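Before I ask anything, let me first share the structure, which is written out below as structure tokens.
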Amino acid sequence: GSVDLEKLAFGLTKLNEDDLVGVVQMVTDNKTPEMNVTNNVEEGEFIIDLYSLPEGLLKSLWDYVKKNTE
Amino acid sequence: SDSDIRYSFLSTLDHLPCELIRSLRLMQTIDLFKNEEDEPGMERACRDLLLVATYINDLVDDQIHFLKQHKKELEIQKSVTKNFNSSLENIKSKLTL
Amino acid sequence: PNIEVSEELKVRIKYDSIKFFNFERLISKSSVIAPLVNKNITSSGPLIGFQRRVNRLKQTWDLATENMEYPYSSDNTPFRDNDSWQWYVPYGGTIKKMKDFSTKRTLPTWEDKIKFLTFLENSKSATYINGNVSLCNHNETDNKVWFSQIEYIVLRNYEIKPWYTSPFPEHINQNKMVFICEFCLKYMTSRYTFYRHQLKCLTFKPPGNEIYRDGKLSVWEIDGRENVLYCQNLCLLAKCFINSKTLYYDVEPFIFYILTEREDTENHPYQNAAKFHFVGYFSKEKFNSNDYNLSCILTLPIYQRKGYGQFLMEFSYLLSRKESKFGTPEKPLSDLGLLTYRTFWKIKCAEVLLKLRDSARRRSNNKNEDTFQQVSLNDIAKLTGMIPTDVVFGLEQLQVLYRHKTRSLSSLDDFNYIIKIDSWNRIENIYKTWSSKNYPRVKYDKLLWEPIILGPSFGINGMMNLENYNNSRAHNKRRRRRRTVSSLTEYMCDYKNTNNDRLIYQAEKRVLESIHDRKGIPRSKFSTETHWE
Amino acid sequence: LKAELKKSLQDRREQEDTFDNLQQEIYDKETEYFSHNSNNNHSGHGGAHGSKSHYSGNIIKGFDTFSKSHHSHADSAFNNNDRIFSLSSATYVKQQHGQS
Amino acid sequence: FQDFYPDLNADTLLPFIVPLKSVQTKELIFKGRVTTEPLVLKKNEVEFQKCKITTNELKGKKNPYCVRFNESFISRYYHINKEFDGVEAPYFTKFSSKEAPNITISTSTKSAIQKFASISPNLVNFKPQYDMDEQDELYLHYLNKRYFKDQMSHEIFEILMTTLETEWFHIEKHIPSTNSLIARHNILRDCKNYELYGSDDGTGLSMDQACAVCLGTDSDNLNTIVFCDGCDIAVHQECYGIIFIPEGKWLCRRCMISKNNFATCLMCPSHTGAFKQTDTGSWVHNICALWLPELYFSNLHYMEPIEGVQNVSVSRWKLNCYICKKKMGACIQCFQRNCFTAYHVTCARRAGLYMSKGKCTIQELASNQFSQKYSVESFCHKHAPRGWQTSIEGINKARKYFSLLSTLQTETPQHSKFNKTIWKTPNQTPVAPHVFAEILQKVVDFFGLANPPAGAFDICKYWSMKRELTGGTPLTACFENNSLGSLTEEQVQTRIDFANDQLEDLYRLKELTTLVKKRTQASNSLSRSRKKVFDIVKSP
Ligand SMILES: [Zn+2]
Ligand SMILES: [Zn+2]
Ligand SMILES: [Zn+2]
Ligand SMILES: [Zn+2]
Ligand SMILES: [Zn+2]
Ligand SMILES: [Zn+2]
């Protein structure tokens, strides 16, 4: 795997509010069955399964968090 | 060769008298059965009379307007077909038989 | 607080849904995320309809992109070169001046196409979260292009699970959600498109004249080809709630009556218009020999628990009474529609019988009690609207129509069939089932309307292959054409006859007094209880 | 009072004169309207300066006259029944009933 | 009634008689046989939801565009921010002109709309008719940052695109459809296309265009072949569900919804000929939906909706077409014994494979049920029966057509009286010409915006590309389907004189109806005055 998921979550926690909203947006767009994603839009929570996330969206999120944390 | 020139004008030839006769008969019905002493009766009667009067006036007006637009677009298309034929005469060389 | 991560590598987040859906923020962040799209992001599930569209456009402009299944074949004719006459006579010659029909400065270039596709791809991350994603959801429980992917429908404010897949254009159906404007009936995918369309459709009313307005309910008698687009939109919405409304495109004839729940909103100090929320409709043919007064009906699921269905059938029958013609709904019928018509015919026959009872009891003291009356199928039909077949089929469900076992046809004076009211209590309760319902009833005075007097066209702007006078006029006037007269000239002078009268209350009083004056029957001819079943 | 009666009934008389004049206006106007086809097809004046537009009948009554092949004399006249615009009001129908 | 008992007639004077568990059946006149069944009915629960947020909270947060000219025009063709509820409030007719919230039509509004009309004669009685979408929001961002210096508004862009749409549709309407010359050119092009590649539309077989759906040449007063003003398709009325024919423009369902596109037939590679929709809404070949077994038509008298999309088994899908070999769509199978080859319906047609609808009329073919009497006999090039010639040449023709589509998808167009003006696109979409650019420029000047002519050209190119994206379907919901089109100059002359006489007629008619309205208001006043006098004359 070309991504360290624990440090990725660390950078996710570092991201600001709008960066999190954007993560939500891109995941809701690229939600596929092999991934395990849940979104309570009524109340407004969002949970993603990193282990099921494929390497594509993983590296995409990695580039995103690099750009928005450094 | 030609066609029944009424068929292109179904709207104003047919559906103008259709709705006209209809609204006229309707106004006739309301007035004929306007119970004279009935206060709300005659109120509604007079109001709907004015209503259907505005309606028929606006219907004949709107058909006038649509026929005006149709006349304009018709003569425009007349000059346009003039253009088209005048042009298309030249390309007979390129276009096949 | 706002975010957390469990040890199983699941990231719980919290965001405000309004900020999430805000269009300007959404499209800005979409252009932000735009390049970050990994073209190798997997597609092992539902292939995006928007992505299908954009890949079609790419392979159309021949920008080689085969990251997905395959490109499609039919895109053009091989002779797009300088041989097509259209390149030497542009616009059919509609433009004269060269400085006006030239296009060297507007024929789009490769760079401009790339710019357009770039905006498109910056939008891709914005469309799925705008159209395909919902604003609210509750999905209770107990390749993917052949059937639909439509999942909701948004009218004025609600979402709707569509009971049946409608034949929308693929552009709309392969989406997940679809908004449909309540007034204009335009169907668009993106909630952004709906936002602008709601900003633009200031014609807060549906089209067509208005023939009924009581309180909040109202009807609109939208003609069939004075506005054909609106009607096609309405039909394409209706197919989402009728199983057998197949006549949804060629709607020139059908005179769509459309029910609506008017609302007076003055929340803003400027706007006060009567918002005419479309509720229900019933397409009725314009000329039908088979005696149909309601071809296809529906009220929307969002407006149930209000009896608008029964109201709309009652209005169809009020219309038939006003036309003084006999009609029944189209025989190939909804299984649910079959039961609701069972109920409605039962209730209507019970109501007519109750009117007969109350009138006879107005005439109770003066008329001898042993004298019985003789009502007829037509006597009931001129009162209700249903054909006599319908009346008997809605009376047998009421179980008040009894017959005689044996046939002593030697004497024609003998009674064959009878109406034998078992219990006025039974009938009054069968009718009172509506009283406790408090359903909207057709206040028969508010209707302002007249029959649809056809000319030679029958209403359509064309010709179709399909009483007898006009039905033969159509076929006679049909004559071949490639790419004896003067009907209706006398419909105004049809008042001089008294056989057919104008108003429904006049027809009712007429038939009621006619039967009151019909010869009576003593209670003694058939008082044998066994002989009546 | 009696003065109120005078003022209201004089308003009523004036409005009744106006109403009867509008009646007569529609009457003779449709008279001319339906004679225009007879003076427009056989001896064409308005719908044709010269004898070229053989279809110059009337919208409502004339369906075949709006066909050049109509070379007969079927729609030359009319009756007080076909006078639809007058029949609109009920007062006119009642007057025609009294005069019938 | 008539099926229940004939000893009772409607007018039969039935004696009314009244002294001083029930499980329901189910009638149906089906195949001449009534039905009987206890009360079992649909019990599915309905589901909806009142969403908690409208587009009100989703409105833009900032208005960064300052329309300092014609702002009245904007705000009056848009929205930016016992009296009304009595019987006195009349019934709105279909002609009720909006005099509703804060319209207050002013002389400024009138001057503005007259200026808009003078912008071009096509824009008289203008109406914004297009709603910008998500992808257009970004293009407006790019514009208003590059050309218009952060001053063009969303409404401005919408109005620009709508003027483009209106002008283009006026040119579209006034486009000449056919003369004898261009019709001969079209039919010769079609004859060449068929004699070389093959046609699954029936065109080219003869100078008399044949039926598309049923490949026939019959035409009588009840089954007369129609022609489409959108493409060269000809379909029998019964064989295509043409229940009525309007007098002018007849457009197939494709030419009416997917206006001209070469849209995809979910059960075929080829994309020409007759089409209907599905219950889902993808254009399926009618000949396909006929000959594919699990595909069936719903309304046999309209033939409109195709059903059976999901009912096909994966065997048919994973079958291969030995004609085009595209790994997509469905494919019928031959009837030869011990045979399992497959091919698309239109593929078989184009290649000239032996097909036979049997003795079953096309109604019986779409009847959704094939009886042992029904035999929809299609064969292979080695399984075709006697009397039919081997279709090796047809295989070659189909392969040529499809490999030609492929080499086109690979190939590129290799680039003073002479004028080769290109105003279409390979998708038959428009190209907004220089006069359209001038018109948009006029509109921008009207609104008082920084107005680069290059910006006008950019907007026109963007509109052309927006139409190419939408795929033929108009950007807006505009339609004036009156067919000026194929008429001839002399026919237009007859119609103009006819319309002159009818204009005179309608003028005197409006005179009569104005007298009618006046007399009706008079009669209203009459009833009012009658009450106003009799109230005191009869009641002191
Ligand atoms: Zn709308
Ligand atoms: Zn056919
Ligand atoms: Zn077509
Ligand atoms: Zn096909
Ligand atoms: Zn093939
Ligand atoms: Zn075979």
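Reconstructed Cβ throughout: ideal geometry from the backbone, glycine too, with neighbour counts over all protein chains shown. What is reported rests on the model, the rules as stated and the sources as named; no laboratory instrument gave them.
Show the residue pairs that are 6+ apart or on different chains and have beta-carbon atoms under 8 Å apart, the first residue being within segment D:59-74 and within 9 Å of chain C (Cβ to nearest Cβ) and over 16 Å from E:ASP497 (Cβ atoms), the second being surrounded by 13 or more Cβ atoms within 10 Å (Cβ to Cβ) and among the aromatic types (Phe, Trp, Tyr).
Close Cβ pairs (under 8 Å, with a partner that is surrounded by 13 or more Cβ atoms within 10 Å (Cβ to Cβ) and among the aromatic types (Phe, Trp, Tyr)) amount to D:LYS61/D:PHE34; D:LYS61/D:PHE78.
In the list E:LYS382, E:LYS397, which residue meets the criterion of being basic (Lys, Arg) and within 14 Å of ligand 6 (Cβ to nearest atom)?
E:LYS382
Give all pairs with beta carbons closer than 9 Å in which a residue from segment C:167-183 that is outside the structural domain of C:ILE150 (by TED's automatic domain parsing) meets a residue that is surrounded by fewer than 22 Cβ atoms within 10 Å (Cβ to Cβ); count only pairs at least 6 apart in sequence or on separate chains.
Hits for this filter: zero, empty list.
Please determine whether any residue of segment E:332-346 is away from ligand 6 (no atom under 16 Å from the Cβ) and surrounded by 13 or more Cβ atoms within 10 Å (Cβ to Cβ).
yes
Now for a separate question. Within segment E:324-344, track down each residue that is farther than 13 Å from E:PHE379 by Cβ and within 16 Å of ligand 4 (Cβ to nearest atom).
Across segment E:324-344, the qualifying residues are E:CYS324, E:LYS325, E:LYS326, E:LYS327, E:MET328, E:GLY329, E:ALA330, E:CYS331, E:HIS344.
What is the number of the single condition among (1) within 12 Å of ligand 4 (Cβ to nearest atom); (2) over 26 Å from C:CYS235 (Cβ atoms) that E:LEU205 does not meet?
Every condition holds for E:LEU205 apart from (1).
Looking only at segment E:429-485, which residues are part of a helix (DSSP H, G or I), among the small types (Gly, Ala, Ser) and more than 8 Å from every other protein chain (Cβ to nearest Cβ)? Explain how you work it out, then say what you get.
To start, the set of residues in segment E:429-485 that are part of a helix (DSSP H, G or I) comprises E:434-447, E:453-470.
So of that shortlist, the ones also among the small types (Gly, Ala, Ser) come out as E:437, E:454-456, E:464.
Matches in segment E:429-485: E:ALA454, E:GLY455, E:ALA456.
Another question, if that's okay. Residues of segment E:61-78 being within 33 Å of the chain's Cα centre (by Cα) and at the interface with another protein chain (Cβ under 10 Å from one of its Cβ atoms), which ones?
Pass one, segment E:61-78, residues within 33 Å of the chain's Cα centre (by Cα): E:73-78.
Passing the criteria: E:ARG76, E:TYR77, E:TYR78.
Report the residue count in segment E:227-249 for those that are within 11 Å of ligand 3 (Cβ to nearest atom) and under 21 Å from E:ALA366 (Cβ atoms).
Number of matching residues: 5.
Could you tell me whether E:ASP11 is part of a loop (DSSP other than H, G, I, E, B) and in contact with a helix residue (DSSP H, G or I) (Cβ under 8 Å, 6 or more places away or on another chain)?
For E:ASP11, the condition - part of a loop (DSSP other than H, G, I, E, B) and in contact with a helix residue (DSSP H, G or I) (Cβ under 8 Å, 6 or more places away or on another chain) - is met.
Only helices (runs of 4 or more DSSP H) wholly contained in segment C:416-533 count here; list those with 1 or more residues that are closer than 30 Å to E:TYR240 by Cα. Full working, then the answer.
On the way: elements: C:424-435, C:468-477, C:504-517.
Ranges flagged: C:468-477.
Could you list, in sequence order, the residues of segment E:438-461 that are surrounded by fewer than 21 Cβ atoms within 10 Å (Cβ to Cβ) and over 21 Å from E:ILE113 (Cβ atoms)?
E:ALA450, E:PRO452, E:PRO453, E:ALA454
Something else about it: Sort through E:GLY329, E:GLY352 and tell me the only one that's within 14 Å of another protein chain (Cβ to nearest Cβ), closer than 23 Å to E:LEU405 by Cα and either more than 16 Å from ligand 6 (Cβ to nearest atom) or crowded, with 16+ Cβ neighbours inside 10 Å (or both).
On the way: E:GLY352 fails: within 14 Å of another protein chain (Cβ to nearest Cβ).
Answer to the selection: E:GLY329.
Looking at (1) more than 7 Å from chain C (Cβ to nearest Cβ); (2) surrounded by fewer than 23 Cβ atoms within 10 Å (Cβ to Cβ); (3) in contact with a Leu (Cβ under 8 Å, 6 or more places away or on another chain), which is the one condition that is false for A:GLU55?
For A:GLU55, the failing item is (3).
For B:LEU50, are the conditions met, namely being surrounded by 18 or more Cβ atoms within 10 Å (Cβ to Cβ), of a type outside the set (S, T, N, Q) and more than 8 Å from chain C (Cβ to nearest Cβ)?
No, not satisfied.
I would also like to ask the following. Just wondering, is there one or more residues in segment C:265-280 that are closer than 24 Å to E:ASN481 by Cβ and either in the same structural domain as C:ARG441 (by TED's automatic domain parsing) or of a type outside the set (A, V, I, L, M) (or both)? Please lay out each step first, then the result.
Taking segment C:265-280 and keeping what is closer than 24 Å to E:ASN481 by Cβ, we get none.
For segment C:265-280, residues closer than 24 Å to E:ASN481 by Cβ and either in the same structural domain as C:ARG441 (by TED's automatic domain parsing) or of a type outside the set (A, V, I, L, M) (or both): absent.
State which residue is farthest from C:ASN143 (Cα to Cα) when the search covers only segment E:263-275 and only residues that are within 8 Å of chain C (Cβ to nearest Cβ) and within 16 Å of ligand 5 (Cβ to nearest atom).
From segment E:263-275, those within 8 Å of chain C (Cβ to nearest Cβ) are E:263-264, E:266, E:269-272; that's our starting set.
Then drop every residue that is not within 16 Å of ligand 5 (Cβ to nearest atom), which leaves E:264, E:266, E:269-272.
Working: E:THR264: 15, E:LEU266: 11, E:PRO269: 16, E:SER270: 19, E:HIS271: 20, E:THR272: 23 Å.
Taking the candidates together, the pick is E:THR272.
Residue-by-condition table, conditions (1) in a helix (DSSP H, G or I); (2) over 28 Å from A:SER60 (Cα atoms):
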position: C:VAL5; (1), (2): no, no
position: C:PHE20; (1), (2): yes, no
position: C:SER28; (1), (2): yes, no
position: C:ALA34; (1), (2): yes, no
position: C:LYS58; (1), (2): yes, no
position: C:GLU69; (1), (2): no, no
position: C:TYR72; (1), (2): no, yes
position: C:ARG80; (1), (2): no, yes
position: C:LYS96; (1), (2): no, yes
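Looking at segment E:346-360, can you tell me whether even one residue there is assigned to a loop (DSSP other than H, G, I, E, B), more than 11 Å from ligand 5 (Cβ to nearest atom) and aliphatic (A, V, I, L, M)?
no
Still on this structure, I have one more. Identify, by number, the condition in (1) over 20 Å from C:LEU117 (Cβ atoms); (2) β-branched (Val, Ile, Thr); (3) not in a loop (DSSP other than H, G, I, E, B) that C:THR42 doesn't meet.
C:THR42 satisfies all of (1) over 20 Å from C:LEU117 (Cβ atoms); (2) β-branched (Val, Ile, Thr); (3) not in a loop (DSSP other than H, G, I, E, B) except (3).
Here's a follow-up. Within segment E:365-381, take every residue that is within 16 Å of ligand 2 (Cβ to nearest atom) and crowded, with 17+ Cβ neighbours inside 10 Å and give me the one that is farthest from E:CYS339 (Cα to Cα). Show your work before the answer.
Taking segment E:365-381 and keeping what is within 16 Å of ligand 2 (Cβ to nearest atom), we get E:365-367, E:376.
Applying the additional criterion that residues be crowded, with 17+ Cβ neighbours inside 10 Å yields E:365-366, E:376.
Numbers: E:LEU365: 23, E:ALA366: 25, E:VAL376: 16 Å.
Among them, the one singled out is E:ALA366.
Could you figure out which of (1) exposed (fewer than 12 other Cβ atoms within 10 Å of the Cβ); (2) under 19 Å from C:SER31 (Cβ atoms) isn't true of A:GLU43?
All conditions are met except number (2).
For residues in segment E:263-288 being of a type in the set (A, V, I, L, M) and assigned to a loop (DSSP other than H, G, I, E, B), which is nearest to ligand 3 (Cβ to nearest atom)?
E:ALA274
Which residue pairs have Cβ atoms under 8 Å apart, sit 6 or more places apart or on different chains, and have a first residue in segment E:336-365 that is under 25 Å from E:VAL314 (Cβ atoms) and more than 16 Å from ligand 1 (Cβ to nearest atom) and a second that is among the acidic types (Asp, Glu) and not in a loop (DSSP other than H, G, I, E, B)?
E:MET355/E:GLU377
Go over the candidates C:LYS205, C:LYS216, C:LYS144 one by one and state the one that is away from ligand 2 (no atom under 16 Å from the Cβ) and either among the hydrophobic types (A, V, I, L, M, F, W, C) or facing chain E (nearest Cβ under 7 Å) (or both). Show your work before the answer.
On the way: C:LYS216 fails: either among the hydrophobic types (A, V, I, L, M, F, W, C) or facing chain E (nearest Cβ under 7 Å) (or both); C:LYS144 fails: either among the hydrophobic types (A, V, I, L, M, F, W, C) or facing chain E (nearest Cβ under 7 Å) (or both).
Among C:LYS205, C:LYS216, C:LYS144, only C:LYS205 is away from ligand 2 (no atom under 16 Å from the Cβ) and either among the hydrophobic types (A, V, I, L, M, F, W, C) or facing chain E (nearest Cβ under 7 Å) (or both).
Any idea which of (1) in contact with a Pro (Cβ under 8 Å, 6 or more places away or on another chain); (2) buried (at least 19 other Cβ atoms within 10 Å of the Cβ) is the one C:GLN310 doesn't satisfy?
(1)
Out of the residues in segment D:80-100 meeting the condition of being more than 8 Å from chain B (Cβ to nearest Cβ) and among the hydroxyl-bearing types (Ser, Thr, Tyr), tell me which one is surrounded by the fewest Cβ atoms within 10 Å (Cβ to Cβ).
Checked segment D:80-100; the qualifying residue surrounded by the fewest Cβ atoms within 10 Å (Cβ to Cβ) is D:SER100.
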